[PDB]
Amino acid sequence: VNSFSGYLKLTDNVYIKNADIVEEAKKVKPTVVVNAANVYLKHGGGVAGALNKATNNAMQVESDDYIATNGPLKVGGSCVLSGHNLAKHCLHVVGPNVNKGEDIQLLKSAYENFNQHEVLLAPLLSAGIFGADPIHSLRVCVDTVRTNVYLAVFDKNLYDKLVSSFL
Ligand SMILES: O=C1C[C@H]2CCC[C@@H](CN1)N2c1ncnc2[nH]c(Cl)cc12
Numbered sequence: 671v672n673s674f675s676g677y678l679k680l681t682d683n684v685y686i687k688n689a690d691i692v693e694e695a696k697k698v699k700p701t702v703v704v705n706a707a708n709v710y711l712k713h714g715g716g717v718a719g720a721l722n723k724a725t726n727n728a729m730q731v732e733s734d735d736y737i738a739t740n741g742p743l744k745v746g747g748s749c750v751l752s753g754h755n756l757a758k759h760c761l762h763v764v765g766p767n768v769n770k771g772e773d774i775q776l777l778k779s780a781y782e783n784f785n786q787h788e789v790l791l792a793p794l795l796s797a798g799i800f801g802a803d804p805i806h807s808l809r810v811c812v813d814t815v816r817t818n819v820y821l822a823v824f825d826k827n828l829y830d831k832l833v834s835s836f837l
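For the sequence shown, our numbering assigns the number 671 to the initial residue and increments by one for each residue that follows.
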């Protein structure tokens, strides 16, 4: 039993809700919140910009130190950093950005990072400003993640479409 409330159950291990991941994180304080990161951990917009803003830029300060030490992530890769006031940990995961020409096949590799954590709160990778089809992202999530994932979908219209079209 966990503290996630109001989710629709899609499969044995995947749950979905129309919610703002920022507000959901602040309420649940999950062990792991997933960020829709880029390889530079520059959290300017989309989910990343929103999460970083909620940490009062502490996420960005920590991220800049991480990059200065380690260099950029790989597309499809991840790193674990602090969750600040939102969660114990933040798993920064880089899905391919279609608006940069990146290989959509890397989306499965991106979701594989979730399997290193028993329970996560997460957005749909590569959705939103990353330019991928959120319906496809949900399919890859369901077919790749085996741990317990709670998906927050900000747009109510998109949420309804994701539920109504789910096979
Ligand atoms: O539902 C979506 C899809 C998903 C990936 C693309 C960017 C946005 C757009 N809307 N996003 C979010 N997901 C969950 N929480 C969110 N909070 C804020 Cl602000 C945005 C946001």
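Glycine is no exception: its CB is placed at the ideal position from the N, C-alpha and C atoms.
query                                                                                                                                                                     : result
From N767 to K826, what does the alpha carbon distance come to, in whole angstroms?                                                                                       : 23 Å
From this set, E693, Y710 and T817, which residue's C-alpha is nearest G746's C-alpha?                                                                                    : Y710
In angstroms, rounded to a whole number, what distance separates the CA positions of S752 and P700?                                                                       : 12 Å
With DSSP collapsed to three states, give me the class of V815.                                                                                                           : coil
Ignoring anything shorter than 4 residues, give me the alpha helix (DSSP H) runs that lie fully in the segment 696–744, in order along the chain.                         : 716–724 and 728–740
What did DSSP end up calling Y829 once you bin it into helix, strand or coil?                                                                                             : helix
Quick check: what's the CA-CA separation for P804 versus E782?                                                                                                            : 17 Å
Quick one: is the Cβ of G716 within less than 8 Å of any heavy atom of ligand 1?                                                                                          : yes
Note the first and the last residue of the continuous alpha helix (DSSP H) segment covering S779.                                                                         : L776 to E782
For the beta strand (DSSP E) that contains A792, what are its first and last residues?                                                                                    : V789 to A792
If distances are taken between C-alpha atoms only, which option among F674, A707 and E693 comes closest to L761?                                                          : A707
State yes or no: is the C-beta of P804 nearer than 8 Å to some heavy atom of ligand 1?                                                                                    : yes
Counting pairs of beta carbons, one from the segment 786–801 and one from the segment 813–820, are three or more of them closer than 8 Å?                                 : yes
Specify whether the segment 806–817 and the segment 768–781 touch according to this definition: at least 3 beta carbon pairs, one from each stretch, less than 8 Å apart. : yes
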